[PDB]
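*Asks:* Input file: target-v3.tsv. Contents: TSV, N, CA and C atoms.
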chain	number	residue	atom	x	y	z
A	1	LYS	N	-58.31	-73.32	50.96
A	1	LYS	CA	-57.65	-72.11	51.44
A	1	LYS	C	-57.34	-71.18	50.26
A	2	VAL	N	-57.65	-69.89	50.37
A	2	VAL	CA	-57.32	-68.97	49.27
A	2	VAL	C	-56.02	-68.29	49.63
A	3	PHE	N	-54.94	-68.63	48.96
A	3	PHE	CA	-53.66	-68.02	49.32
A	3	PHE	C	-53.49	-66.60	48.78
A	4	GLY	N	-52.63	-65.83	49.48
A	4	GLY	CA	-52.16	-64.54	49.07
A	4	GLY	C	-51.02	-64.81	48.08
A	5	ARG	N	-50.76	-63.92	47.15
A	5	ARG	CA	-49.73	-64.07	46.16
A	5	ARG	C	-48.38	-64.41	46.79
A	6	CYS	N	-47.93	-63.61	47.74
A	6	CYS	CA	-46.61	-63.81	48.35
A	6	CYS	C	-46.59	-65.00	49.29
A	7	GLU	N	-47.73	-65.28	49.90
A	7	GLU	CA	-47.77	-66.40	50.83
A	7	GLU	C	-47.57	-67.69	50.04
A	8	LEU	N	-48.20	-67.76	48.88
A	8	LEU	CA	-48.05	-68.93	48.04
A	8	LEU	C	-46.64	-69.05	47.46
A	9	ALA	N	-46.10	-67.93	47.03
A	9	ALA	CA	-44.75	-67.83	46.51
A	9	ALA	C	-43.82	-68.41	47.57
A	10	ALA	N	-43.99	-67.98	48.81
A	10	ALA	CA	-43.10	-68.45	49.89
A	10	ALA	C	-43.32	-69.93	50.17
A	11	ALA	N	-44.54	-70.44	50.09
A	11	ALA	CA	-44.68	-71.87	50.33
A	11	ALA	C	-44.13	-72.73	49.18
A	12	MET	N	-44.34	-72.26	47.92
A	12	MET	CA	-43.84	-72.99	46.82
A	12	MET	C	-42.34	-72.99	46.89
A	13	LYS	N	-41.72	-71.85	47.26
A	13	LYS	CA	-40.26	-71.74	47.37
A	13	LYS	C	-39.73	-72.70	48.40
A	14	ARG	N	-40.36	-72.74	49.56
A	14	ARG	CA	-39.97	-73.64	50.63
A	14	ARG	C	-40.11	-75.09	50.21
A	15	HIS	N	-41.03	-75.34	49.30
A	15	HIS	CA	-41.26	-76.69	48.80
A	15	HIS	C	-40.37	-77.13	47.63
A	16	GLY	N	-39.35	-76.31	47.30
A	16	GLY	CA	-38.38	-76.61	46.27
A	16	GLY	C	-38.85	-76.37	44.84
A	17	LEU	N	-39.85	-75.53	44.61
A	17	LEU	CA	-40.29	-75.27	43.25
A	17	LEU	C	-39.54	-74.19	42.53
A	18	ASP	N	-38.83	-73.29	43.22
A	18	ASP	CA	-38.09	-72.21	42.52
A	18	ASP	C	-36.97	-72.77	41.70
A	19	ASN	N	-37.08	-72.53	40.41
A	19	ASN	CA	-36.14	-73.02	39.44
A	19	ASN	C	-36.16	-74.52	39.27
A	20	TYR	N	-37.21	-75.15	39.75
A	20	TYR	CA	-37.37	-76.56	39.56
A	20	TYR	C	-37.52	-76.78	38.07
A	21	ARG	N	-36.57	-77.50	37.47
A	21	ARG	CA	-36.53	-77.81	36.02
A	21	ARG	C	-36.35	-76.55	35.22
A	22	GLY	N	-35.70	-75.56	35.83
A	22	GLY	CA	-35.43	-74.31	35.14
A	22	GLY	C	-36.58	-73.29	35.14
A	23	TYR	N	-37.67	-73.59	35.88
A	23	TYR	CA	-38.80	-72.69	35.94
A	23	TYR	C	-38.74	-71.85	37.19
A	24	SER	N	-38.49	-70.58	36.98
A	24	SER	CA	-38.43	-69.67	38.11
A	24	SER	C	-39.76	-69.57	38.84
A	25	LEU	N	-39.68	-69.20	40.14
A	25	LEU	CA	-40.85	-69.06	41.03
A	25	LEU	C	-42.00	-68.30	40.40
A	26	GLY	N	-41.71	-67.21	39.69
A	26	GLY	CA	-42.76	-66.41	39.09
A	26	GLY	C	-43.67	-67.20	38.15
A	27	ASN	N	-43.12	-68.24	37.51
A	27	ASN	CA	-43.88	-69.08	36.56
A	27	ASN	C	-44.95	-69.88	37.28
A	28	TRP	N	-44.49	-70.46	38.37
A	28	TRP	CA	-45.33	-71.26	39.28
A	28	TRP	C	-46.51	-70.45	39.86
A	29	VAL	N	-46.23	-69.26	40.32
A	29	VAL	CA	-47.26	-68.38	40.91
A	29	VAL	C	-48.24	-67.87	39.85
A	30	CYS	N	-47.67	-67.58	38.65
A	30	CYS	CA	-48.49	-67.15	37.55
A	30	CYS	C	-49.47	-68.24	37.17
A	31	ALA	N	-48.96	-69.47	37.06
A	31	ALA	CA	-49.80	-70.59	36.69
A	31	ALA	C	-50.90	-70.81	37.72
A	32	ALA	N	-50.56	-70.64	39.01
A	32	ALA	CA	-51.57	-70.82	40.06
A	32	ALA	C	-52.64	-69.75	40.02
A	33	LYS	N	-52.24	-68.56	39.70
A	33	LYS	CA	-53.21	-67.47	39.62
A	33	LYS	C	-54.24	-67.77	38.57
A	34	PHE	N	-53.72	-68.10	37.41
A	34	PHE	CA	-54.61	-68.39	36.32
A	34	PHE	C	-55.36	-69.71	36.36
A	35	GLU	N	-54.79	-70.75	36.98
A	35	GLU	CA	-55.46	-72.05	37.03
A	35	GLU	C	-56.60	-72.09	38.02
A	36	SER	N	-56.41	-71.49	39.20
A	36	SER	CA	-57.36	-71.57	40.27
A	36	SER	C	-57.61	-70.28	41.04
A	37	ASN	N	-56.99	-69.18	40.59
A	37	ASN	CA	-57.08	-67.95	41.37
A	37	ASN	C	-56.53	-68.14	42.81
A	38	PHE	N	-55.55	-69.03	42.99
A	38	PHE	CA	-54.91	-69.27	44.30
A	38	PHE	C	-55.77	-70.01	45.33
A	39	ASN	N	-56.88	-70.59	44.90
A	39	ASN	CA	-57.79	-71.33	45.77
A	39	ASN	C	-57.47	-72.83	45.68
A	40	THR	N	-57.05	-73.40	46.82
A	40	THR	CA	-56.74	-74.86	46.84
A	40	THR	C	-57.98	-75.72	46.62
A	41	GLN	N	-59.19	-75.16	46.78
A	41	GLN	CA	-60.39	-75.96	46.64
A	41	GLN	C	-61.01	-75.92	45.26
A	42	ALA	N	-60.32	-75.23	44.35
A	42	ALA	CA	-60.81	-75.15	42.96
A	42	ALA	C	-60.90	-76.56	42.24
A	43	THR	N	-62.07	-76.79	41.63
A	43	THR	CA	-62.33	-78.00	40.84
A	43	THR	C	-63.04	-77.54	39.58
A	44	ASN	N	-62.80	-78.29	38.50
A	44	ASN	CA	-63.38	-77.98	37.21
A	44	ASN	C	-63.47	-79.23	36.42
A	45	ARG	N	-64.65	-79.52	35.91
A	45	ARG	CA	-64.77	-80.77	35.18
A	45	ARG	C	-64.48	-80.57	33.72
A	46	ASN	N	-63.93	-81.60	33.08
A	46	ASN	CA	-63.67	-81.50	31.64
A	46	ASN	C	-64.67	-82.31	30.84
A	47	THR	N	-64.68	-82.07	29.54
A	47	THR	CA	-65.57	-82.78	28.62
A	47	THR	C	-65.30	-84.27	28.59
A	48	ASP	N	-64.04	-84.64	28.66
A	48	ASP	CA	-63.70	-86.04	28.66
A	48	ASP	C	-64.14	-86.72	29.94
A	49	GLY	N	-64.71	-85.98	30.90
A	49	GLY	CA	-65.12	-86.66	32.10
A	49	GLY	C	-64.13	-86.57	33.23
A	50	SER	N	-62.97	-86.07	32.87
A	50	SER	CA	-62.00	-85.91	33.88
A	50	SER	C	-62.28	-84.58	34.66
A	51	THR	N	-61.55	-84.37	35.75
A	51	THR	CA	-61.70	-83.20	36.62
A	51	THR	C	-60.30	-82.79	37.03
A	52	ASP	N	-60.13	-81.45	37.12
A	52	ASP	CA	-58.89	-80.75	37.53
A	52	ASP	C	-59.08	-80.31	38.96
A	53	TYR	N	-58.06	-80.47	39.76
A	53	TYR	CA	-58.15	-80.19	41.16
A	53	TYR	C	-57.01	-79.31	41.71
A	54	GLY	N	-57.40	-78.40	42.60
A	54	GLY	CA	-56.41	-77.66	43.35
A	54	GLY	C	-55.83	-76.47	42.69
A	55	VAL	N	-54.88	-75.90	43.36
A	55	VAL	CA	-54.27	-74.71	42.94
A	55	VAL	C	-53.59	-74.86	41.60
A	56	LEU	N	-53.14	-76.05	41.25
A	56	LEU	CA	-52.52	-76.16	39.95
A	56	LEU	C	-53.37	-76.91	39.02
A	57	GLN	N	-54.59	-77.19	39.44
A	57	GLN	CA	-55.54	-77.83	38.54
A	57	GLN	C	-55.01	-79.09	37.83
A	58	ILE	N	-54.59	-80.04	38.68
A	58	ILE	CA	-54.06	-81.32	38.25
A	58	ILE	C	-55.19	-82.27	37.84
A	59	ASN	N	-55.02	-82.89	36.69
A	59	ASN	CA	-56.05	-83.69	36.04
A	59	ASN	C	-56.18	-85.11	36.55
A	60	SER	N	-57.42	-85.62	36.70
A	60	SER	CA	-57.69	-86.96	37.21
A	60	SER	C	-57.53	-88.11	36.13
A	61	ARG	N	-57.37	-87.71	34.86
A	61	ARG	CA	-57.11	-88.64	33.77
A	61	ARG	C	-55.75	-89.29	33.94
A	62	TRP	N	-54.74	-88.55	34.39
A	62	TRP	CA	-53.39	-89.08	34.57
A	62	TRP	C	-52.79	-89.13	35.94
A	63	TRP	N	-52.99	-88.06	36.72
A	63	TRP	CA	-52.26	-87.80	37.91
A	63	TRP	C	-52.80	-88.21	39.22
A	64	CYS	N	-54.08	-88.34	39.32
A	64	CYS	CA	-54.60	-88.64	40.66
A	64	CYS	C	-55.86	-89.47	40.55
A	65	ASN	N	-56.26	-90.16	41.62
A	65	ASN	CA	-57.48	-90.92	41.56
A	65	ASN	C	-58.69	-90.22	42.19
A	66	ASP	N	-59.78	-90.07	41.41
A	66	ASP	CA	-61.00	-89.51	41.92
A	66	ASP	C	-62.17	-90.49	41.92
A	67	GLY	N	-61.94	-91.74	41.49
A	67	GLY	CA	-62.96	-92.76	41.51
A	67	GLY	C	-64.01	-92.61	40.45
A	68	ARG	N	-63.84	-91.62	39.62
A	68	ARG	CA	-64.86	-91.51	38.62
A	68	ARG	C	-64.35	-91.19	37.27
A	69	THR	N	-63.07	-91.43	37.01
A	69	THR	CA	-62.45	-91.23	35.69
A	69	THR	C	-61.92	-92.60	35.19
A	70	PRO	N	-62.73	-93.27	34.40
A	70	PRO	CA	-62.44	-94.60	33.90
A	70	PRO	C	-61.16	-94.61	33.13
A	71	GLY	N	-60.27	-95.48	33.49
A	71	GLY	CA	-59.06	-95.36	32.72
A	71	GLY	C	-58.09	-94.29	33.25
A	72	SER	N	-58.28	-93.83	34.49
A	72	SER	CA	-57.36	-92.90	35.12
A	72	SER	C	-56.05	-93.72	35.37
A	73	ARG	N	-54.86	-93.11	35.29
A	73	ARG	CA	-53.56	-93.76	35.58
A	73	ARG	C	-52.98	-93.55	37.01
A	74	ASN	N	-53.41	-92.48	37.69
A	74	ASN	CA	-52.96	-92.18	39.04
A	74	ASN	C	-51.43	-92.13	39.19
A	75	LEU	N	-50.83	-91.45	38.25
A	75	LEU	CA	-49.39	-91.36	38.30
A	75	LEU	C	-48.81	-90.75	39.54
A	76	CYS	N	-49.53	-89.89	40.25
A	76	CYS	CA	-48.94	-89.31	41.48
A	76	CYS	C	-49.27	-90.13	42.73
A	77	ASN	N	-50.07	-91.18	42.51
A	77	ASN	CA	-50.42	-92.08	43.61
A	77	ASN	C	-51.09	-91.37	44.75
A	78	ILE	N	-52.15	-90.68	44.44
A	78	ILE	CA	-52.84	-90.01	45.51
A	78	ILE	C	-54.28	-89.80	45.08
A	79	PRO	N	-55.10	-89.67	46.10
A	79	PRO	CA	-56.47	-89.32	45.85
A	79	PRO	C	-56.49	-87.82	45.45
A	80	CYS	N	-57.29	-87.48	44.46
A	80	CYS	CA	-57.38	-86.10	43.99
A	80	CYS	C	-57.79	-85.12	45.12
A	81	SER	N	-58.56	-85.61	46.13
A	81	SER	CA	-58.97	-84.74	47.21
A	81	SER	C	-57.76	-84.24	47.98
A	82	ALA	N	-56.69	-85.01	47.97
A	82	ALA	CA	-55.47	-84.59	48.65
A	82	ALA	C	-54.90	-83.27	48.11
A	83	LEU	N	-55.25	-82.98	46.86
A	83	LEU	CA	-54.81	-81.80	46.10
A	83	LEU	C	-55.60	-80.51	46.46
A	84	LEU	N	-56.62	-80.66	47.32
A	84	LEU	CA	-57.46	-79.53	47.70
A	84	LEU	C	-57.15	-79.00	49.10
A	85	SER	N	-56.24	-79.65	49.80
A	85	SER	CA	-55.83	-79.35	51.14
A	85	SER	C	-55.20	-77.98	51.22
A	86	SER	N	-55.18	-77.36	52.43
A	86	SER	CA	-54.53	-76.07	52.72
A	86	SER	C	-53.00	-76.26	52.67
A	87	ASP	N	-52.55	-77.51	52.95
A	87	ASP	CA	-51.14	-77.91	52.87
A	87	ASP	C	-50.85	-78.25	51.41
A	88	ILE	N	-49.97	-77.48	50.77
A	88	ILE	CA	-49.74	-77.70	49.34
A	88	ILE	C	-48.76	-78.78	48.98
A	89	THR	N	-48.24	-79.47	49.97
A	89	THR	CA	-47.23	-80.49	49.75
A	89	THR	C	-47.58	-81.53	48.68
A	90	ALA	N	-48.75	-82.13	48.71
A	90	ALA	CA	-49.07	-83.11	47.71
A	90	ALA	C	-49.16	-82.48	46.33
A	91	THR	N	-49.67	-81.24	46.20
A	91	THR	CA	-49.79	-80.52	44.91
A	91	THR	C	-48.42	-80.34	44.32
A	92	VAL	N	-47.53	-79.90	45.15
A	92	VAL	CA	-46.14	-79.64	44.78
A	92	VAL	C	-45.43	-80.92	44.28
A	93	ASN	N	-45.51	-82.02	45.05
A	93	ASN	CA	-44.85	-83.29	44.71
A	93	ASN	C	-45.31	-83.80	43.38
A	94	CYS	N	-46.65	-83.70	43.22
A	94	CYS	CA	-47.29	-84.13	41.99
A	94	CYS	C	-46.91	-83.20	40.85
A	95	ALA	N	-46.91	-81.86	41.04
A	95	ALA	CA	-46.49	-80.95	39.96
A	95	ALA	C	-45.02	-81.20	39.48
A	96	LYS	N	-44.19	-81.58	40.42
A	96	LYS	CA	-42.81	-81.87	40.09
A	96	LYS	C	-42.74	-83.06	39.14
A	97	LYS	N	-43.63	-84.04	39.27
A	97	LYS	CA	-43.67	-85.22	38.36
A	97	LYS	C	-44.17	-84.78	36.95
A	98	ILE	N	-45.20	-83.96	36.97
A	98	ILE	CA	-45.81	-83.46	35.77
A	98	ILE	C	-44.81	-82.67	34.92
A	99	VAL	N	-44.14	-81.72	35.56
A	99	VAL	CA	-43.20	-80.84	34.84
A	99	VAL	C	-41.98	-81.60	34.31
A	100	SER	N	-41.69	-82.77	34.90
A	100	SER	CA	-40.52	-83.56	34.49
A	100	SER	C	-40.76	-84.50	33.29
A	101	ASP	N	-42.05	-84.56	32.96
A	101	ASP	CA	-42.68	-85.41	31.96
A	101	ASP	C	-42.41	-85.16	30.50
A	102	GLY	N	-41.66	-84.15	30.14
A	102	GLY	CA	-41.46	-83.99	28.70
A	102	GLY	C	-41.84	-82.63	28.14
A	103	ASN	N	-43.06	-82.16	28.39
A	103	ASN	CA	-43.49	-80.86	27.88
A	103	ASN	C	-43.33	-79.71	28.87
A	104	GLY	N	-42.67	-79.97	29.99
A	104	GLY	CA	-42.45	-78.91	31.00
A	104	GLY	C	-43.78	-78.31	31.46
A	105	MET	N	-43.80	-76.98	31.63
A	105	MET	CA	-45.00	-76.27	32.10
A	105	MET	C	-46.07	-76.15	31.02
A	106	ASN	N	-45.72	-76.50	29.78
A	106	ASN	CA	-46.71	-76.49	28.75
A	106	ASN	C	-47.85	-77.47	29.15
A	107	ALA	N	-47.62	-78.36	30.12
A	107	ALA	CA	-48.72	-79.22	30.57
A	107	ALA	C	-49.86	-78.37	31.08
A	108	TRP	N	-49.55	-77.16	31.56
A	108	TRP	CA	-50.56	-76.22	32.09
A	108	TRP	C	-51.00	-75.26	31.02
A	109	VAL	N	-52.23	-75.49	30.53
A	109	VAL	CA	-52.75	-74.68	29.49
A	109	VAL	C	-52.76	-73.20	29.86
A	110	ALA	N	-53.18	-72.84	31.09
A	110	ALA	CA	-53.20	-71.40	31.43
A	110	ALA	C	-51.79	-70.85	31.49
A	111	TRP	N	-50.82	-71.71	31.80
A	111	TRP	CA	-49.44	-71.22	31.82
A	111	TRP	C	-49.01	-70.89	30.39
A	112	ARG	N	-49.28	-71.82	29.49
A	112	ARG	CA	-48.89	-71.66	28.07
A	112	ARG	C	-49.51	-70.42	27.46
A	113	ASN	N	-50.79	-70.21	27.79
A	113	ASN	CA	-51.55	-69.14	27.23
A	113	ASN	C	-51.41	-67.80	27.92
A	114	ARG	N	-51.05	-67.79	29.20
A	114	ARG	CA	-51.12	-66.55	29.93
A	114	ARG	C	-49.89	-66.17	30.62
A	115	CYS	N	-48.98	-67.13	30.80
A	115	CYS	CA	-47.75	-66.84	31.52
A	115	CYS	C	-46.53	-66.85	30.66
A	116	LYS	N	-46.50	-67.91	29.86
A	116	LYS	CA	-45.37	-68.18	29.00
A	116	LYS	C	-45.01	-66.94	28.20
A	117	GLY	N	-43.73	-66.56	28.27
A	117	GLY	CA	-43.17	-65.45	27.52
A	117	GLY	C	-43.56	-64.09	28.06
A	118	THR	N	-44.12	-64.05	29.24
A	118	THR	CA	-44.48	-62.80	29.84
A	118	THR	C	-43.45	-62.52	30.93
A	119	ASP	N	-43.51	-61.33	31.53
A	119	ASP	CA	-42.58	-61.02	32.60
A	119	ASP	C	-43.12	-61.56	33.91
A	120	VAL	N	-42.83	-62.85	34.08
A	120	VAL	CA	-43.33	-63.62	35.22
A	120	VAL	C	-42.75	-63.22	36.59
A	121	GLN	N	-41.64	-62.53	36.56
A	121	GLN	CA	-40.98	-62.07	37.75
A	121	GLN	C	-41.87	-61.08	38.50
A	122	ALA	N	-42.81	-60.49	37.74
A	122	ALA	CA	-43.78	-59.56	38.32
A	122	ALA	C	-44.60	-60.22	39.43
A	123	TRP	N	-44.80	-61.53	39.29
A	123	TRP	CA	-45.59	-62.33	40.24
A	123	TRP	C	-44.98	-62.49	41.64
A	124	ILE	N	-43.67	-62.30	41.75
A	124	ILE	CA	-43.07	-62.40	43.07
A	124	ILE	C	-42.53	-61.06	43.59
A	125	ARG	N	-42.76	-60.04	42.80
A	125	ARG	CA	-42.37	-58.67	43.14
A	125	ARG	C	-43.05	-58.25	44.41
A	126	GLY	N	-42.20	-57.72	45.28
A	126	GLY	CA	-42.55	-57.19	46.57
A	126	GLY	C	-42.60	-58.23	47.65
A	127	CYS	N	-42.34	-59.47	47.28
A	127	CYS	CA	-42.44	-60.52	48.26
A	127	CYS	C	-41.19	-60.71	49.09
A	128	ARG	N	-41.42	-61.00	50.35
A	128	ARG	CA	-40.23	-61.24	51.12
A	128	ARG	C	-39.84	-62.68	51.03
A	129	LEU	N	-38.88	-63.01	50.18
A	129	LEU	CA	-38.50	-64.41	50.07
A	129	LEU	C	-37.02	-64.53	50.36
With the file now loaded, output its structure as structure tokens.

*Replies:*
Amino acid sequence: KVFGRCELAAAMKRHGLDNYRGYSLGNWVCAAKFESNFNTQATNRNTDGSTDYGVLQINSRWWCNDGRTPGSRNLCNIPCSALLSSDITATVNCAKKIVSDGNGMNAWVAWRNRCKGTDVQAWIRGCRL
């Protein structure tokens, strides 16, 4: 599913991501824009053989099982395909584990490079939340 900016903002908000670990909603939406362009079906393979899945581009090396990443840890206890669903619930639950892990949103390279230190509030501007 390709979400609209505000539609995603509203689902992430409903899912308890606003200010989750001190990260305002705009951060979350910014990261999604840059990681997958708001498409839940986005996949991208990495050099190490791992693959990133979904709107937040969660990696199969640590977070989810895809059956083809040797030495995967499956910390979120889910099949990576679950992360491509139109229902963002599994993405959200798993992102909450990731962000709690120590480096915060820096786990998201596009966030670090494209969102971090920018006026992220722009991402939820005009939205009815």

*Asks:* How many Å lie between atom N of residue 40 (chain A) and atom C of residue 83 (chain A), rounded to one decimal?

*Replies:*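 For atom N of residue 40 (chain A) relative to atom C of residue 83 (chain A), the distance reads 7.3 Å.
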
*Asks:* Could you go through region 2-116 of chain A and tell me which residues DSSP, when run on the backbone, assigns to strand (DSSP E or B), listing them as a VMD selection string?

*Replies:* chain A and resid 2 20 23 39 43 to 45 51 to 53 58 to 59 65 79

*Asks:* Excluding region 107-119 of chain A and any residue of its chain fewer than 2 positions from it, enumerate the residues within 8 Å of it, using only N, CA and C atoms, and give them as a list in words.

*Replies:* residues 26, 27, 30, 31, 32, 34, 35, 56, 57, 98, 99, 102, 103, 104, 105, 121, 122, 123 and 124 of chain A

*Asks:* Which one is closest to residue 95 (chain A): A:78, A:127, A:17, A:120? Count only C-alpha atoms.

*Replies:*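 Of A:78, A:127, A:17, A:120, the one nearest residue 95 (chain A) is A:17, counting only C-alpha atoms.
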
*Asks:* Give the answer as one residue: which of A:71, A:100, A:5, A:14 has the shortest atom-to-atom distance to residue 33 (chain A), using only C-alpha atoms?

*Replies:*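 Answer, going by the shortest atom-to-atom distance: A:5.
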
*Asks:* For region 17-34 of chain A, supply N, CA, C and O atoms and format the output as a PDB file, in the frame of the given file.

*Replies:*
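Output contents, as saved in selection.pdb:
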ATOM      1  N   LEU A  17     -39.850 -75.530  44.610  1.00  0.00           N
ATOM      2  CA  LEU A  17     -40.290 -75.270  43.250  1.00  0.00           C
ATOM      3  C   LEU A  17     -39.540 -74.190  42.530  1.00  0.00           C
ATOM      4  O   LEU A  17     -39.625 -74.129  41.311  1.00  0.00           O
ATOM      5  N   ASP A  18     -38.830 -73.290  43.220  1.00  0.00           N
ATOM      6  CA  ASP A  18     -38.090 -72.210  42.520  1.00  0.00           C
ATOM      7  C   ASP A  18     -36.970 -72.770  41.700  1.00  0.00           C
ATOM      8  O   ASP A  18     -36.066 -73.380  42.244  1.00  0.00           O
ATOM      9  N   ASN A  19     -37.080 -72.530  40.410  1.00  0.00           N
ATOM     10  CA  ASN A  19     -36.140 -73.020  39.440  1.00  0.00           C
ATOM     11  C   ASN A  19     -36.160 -74.520  39.270  1.00  0.00           C
ATOM     12  O   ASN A  19     -35.240 -75.086  38.707  1.00  0.00           O
ATOM     13  N   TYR A  20     -37.210 -75.150  39.750  1.00  0.00           N
ATOM     14  CA  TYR A  20     -37.370 -76.560  39.560  1.00  0.00           C
ATOM     15  C   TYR A  20     -37.520 -76.780  38.070  1.00  0.00           C
ATOM     16  O   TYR A  20     -38.466 -76.274  37.465  1.00  0.00           O
ATOM     17  N   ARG A  21     -36.570 -77.500  37.470  1.00  0.00           N
ATOM     18  CA  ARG A  21     -36.530 -77.810  36.020  1.00  0.00           C
ATOM     19  C   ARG A  21     -36.350 -76.550  35.220  1.00  0.00           C
ATOM     20  O   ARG A  21     -36.780 -76.479  34.077  1.00  0.00           O
ATOM     21  N   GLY A  22     -35.700 -75.560  35.830  1.00  0.00           N
ATOM     22  CA  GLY A  22     -35.430 -74.310  35.140  1.00  0.00           C
ATOM     23  C   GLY A  22     -36.580 -73.290  35.140  1.00  0.00           C
ATOM     24  O   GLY A  22     -36.472 -72.263  34.497  1.00  0.00           O
ATOM     25  N   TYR A  23     -37.670 -73.590  35.880  1.00  0.00           N
ATOM     26  CA  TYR A  23     -38.800 -72.690  35.940  1.00  0.00           C
ATOM     27  C   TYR A  23     -38.740 -71.850  37.190  1.00  0.00           C
ATOM     28  O   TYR A  23     -38.896 -72.332  38.328  1.00  0.00           O
ATOM     29  N   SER A  24     -38.490 -70.580  36.980  1.00  0.00           N
ATOM     30  CA  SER A  24     -38.430 -69.670  38.110  1.00  0.00           C
ATOM     31  C   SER A  24     -39.760 -69.570  38.840  1.00  0.00           C
ATOM     32  O   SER A  24     -40.824 -69.877  38.253  1.00  0.00           O
ATOM     33  N   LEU A  25     -39.680 -69.200  40.140  1.00  0.00           N
ATOM     34  CA  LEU A  25     -40.850 -69.060  41.030  1.00  0.00           C
ATOM     35  C   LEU A  25     -42.000 -68.300  40.400  1.00  0.00           C
ATOM     36  O   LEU A  25     -43.140 -68.699  40.558  1.00  0.00           O
ATOM     37  N   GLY A  26     -41.710 -67.210  39.690  1.00  0.00           N
ATOM     38  CA  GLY A  26     -42.760 -66.410  39.090  1.00  0.00           C
ATOM     39  C   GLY A  26     -43.670 -67.200  38.150  1.00  0.00           C
ATOM     40  O   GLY A  26     -44.833 -66.856  37.982  1.00  0.00           O
ATOM     41  N   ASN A  27     -43.120 -68.240  37.510  1.00  0.00           N
ATOM     42  CA  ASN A  27     -43.880 -69.080  36.560  1.00  0.00           C
ATOM     43  C   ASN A  27     -44.950 -69.880  37.280  1.00  0.00           C
ATOM     44  O   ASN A  27     -46.126 -69.968  36.874  1.00  0.00           O
ATOM     45  N   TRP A  28     -44.490 -70.460  38.370  1.00  0.00           N
ATOM     46  CA  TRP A  28     -45.330 -71.260  39.280  1.00  0.00           C
ATOM     47  C   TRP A  28     -46.510 -70.450  39.860  1.00  0.00           C
ATOM     48  O   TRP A  28     -47.651 -70.888  39.944  1.00  0.00           O
ATOM     49  N   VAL A  29     -46.230 -69.260  40.320  1.00  0.00           N
ATOM     50  CA  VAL A  29     -47.260 -68.380  40.910  1.00  0.00           C
ATOM     51  C   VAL A  29     -48.240 -67.870  39.850  1.00  0.00           C
ATOM     52  O   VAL A  29     -49.464 -67.749  40.043  1.00  0.00           O
ATOM     53  N   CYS A  30     -47.670 -67.580  38.650  1.00  0.00           N
ATOM     54  CA  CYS A  30     -48.490 -67.150  37.550  1.00  0.00           C
ATOM     55  C   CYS A  30     -49.470 -68.240  37.170  1.00  0.00           C
ATOM     56  O   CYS A  30     -50.638 -68.008  36.901  1.00  0.00           O
ATOM     57  N   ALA A  31     -48.960 -69.470  37.060  1.00  0.00           N
ATOM     58  CA  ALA A  31     -49.800 -70.590  36.690  1.00  0.00           C
ATOM     59  C   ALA A  31     -50.900 -70.810  37.720  1.00  0.00           C
ATOM     60  O   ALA A  31     -52.059 -71.054  37.336  1.00  0.00           O
ATOM     61  N   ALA A  32     -50.560 -70.640  39.010  1.00  0.00           N
ATOM     62  CA  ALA A  32     -51.570 -70.820  40.060  1.00  0.00           C
ATOM     63  C   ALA A  32     -52.640 -69.750  40.020  1.00  0.00           C
ATOM     64  O   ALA A  32     -53.820 -70.012  40.253  1.00  0.00           O
ATOM     65  N   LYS A  33     -52.240 -68.560  39.700  1.00  0.00           N
ATOM     66  CA  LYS A  33     -53.210 -67.470  39.620  1.00  0.00           C
ATOM     67  C   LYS A  33     -54.240 -67.770  38.570  1.00  0.00           C
ATOM     68  O   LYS A  33     -55.465 -67.779  38.735  1.00  0.00           O
ATOM     69  N   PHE A  34     -53.720 -68.100  37.410  1.00  0.00           N
ATOM     70  CA  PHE A  34     -54.610 -68.390  36.320  1.00  0.00           C
ATOM     71  C   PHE A  34     -55.360 -69.710  36.360  1.00  0.00           C
ATOM     72  O   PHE A  34     -56.438 -69.786  35.822  1.00  0.00           O
TER      73      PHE A  34
END
